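Encoded as structure tokens, the following chain is the form deposited in one PDB entry, with no partner shown.
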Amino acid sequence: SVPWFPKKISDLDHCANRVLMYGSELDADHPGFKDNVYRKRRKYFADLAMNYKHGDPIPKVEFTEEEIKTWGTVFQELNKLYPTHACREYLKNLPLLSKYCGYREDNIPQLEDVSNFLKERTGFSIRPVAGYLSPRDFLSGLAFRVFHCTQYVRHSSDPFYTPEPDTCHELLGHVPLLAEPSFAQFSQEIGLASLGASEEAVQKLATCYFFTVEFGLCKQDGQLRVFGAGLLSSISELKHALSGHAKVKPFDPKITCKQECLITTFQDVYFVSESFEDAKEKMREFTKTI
């Protein structure tokens, strides 16, 4: 029996509010685990996502100057690295987001503006998410070109805190590539493949997603470049990825899906896609077997 899956974009209303672990219930090792002010702020962001329904404009948020500063610091340092690290598709769309969506050191972009930009570019849109979803539900969003996005900012105490996604990771890591048609097609086809798929096939697709969309490397004009959003929002690992101290394998779904996804350290291995079009072709061949 096929499990329930969303049939239209508004059906994600019934997936999105199935959060297994809420964004306000912080990890024990979270930098703001003892910060009562930060906890209330996270509960505010999580209620915004919980009350969101498809069709709504995404609520616009007044970030605090503390939150702006944290973004600014991350923004400054990553932008020094992008020209020598990021893939050409990333570098092409970043300036368009500074122009149209307010990407500045002194301004955190709003998800609604970014979502309206993505809709025009690739038909991708944003949905604020109140915490961790099952891989089935999270990936099911991509089937309708919906990216479930966190809206909160990481704790100001530790601005290089990379384990959980925050809105800095979404905006600097994911969005510039969701504005690229070839990548948007690749992402959506992961989403389509998981709709009603077995729990086994969902987990394999999630693992391929992790080592492409989140931590992928690609070869361009003979060079290794970064396109994974988790690398593009992590100063330390972005540098580590294109250094000679990291192990690298070609992207191959049948081998890639066996790799453990690490959470609290650098990845043990990164997979290199030849291009987004080729990765998409490899996933097409792979999904037919699962």
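Rigid core (definition): largest C-alpha set, two forms, superposition within 1.5 Å. All residue numbers are counted from 1 along the displayed sequence. Only residues modelled in both forms are compared.
Same protein, other form: the form deposited in another entry, not shown, and the subject of what follows.
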* Of 260, 29, 65, 62, the one whose Cα moves 2 Å or more between this form and the one not shown after core superposition -> 29
* Asked: Would one find the Cα atoms of residue 137 and residue 25 closer or farther in that other deposited form than in this form, where their distance changes by 3 Å or more?
  -> closer
* **Residue pair residue 164, residue 31 - Cα distance in that other deposited form, closer or farther (3 Å or more)** => closer
* Asked: After a core superposition, which runs of 3 or more consecutive residues shift by at least 2 Å in C-alpha position between this form and the one not shown?
  -> 22 to 31
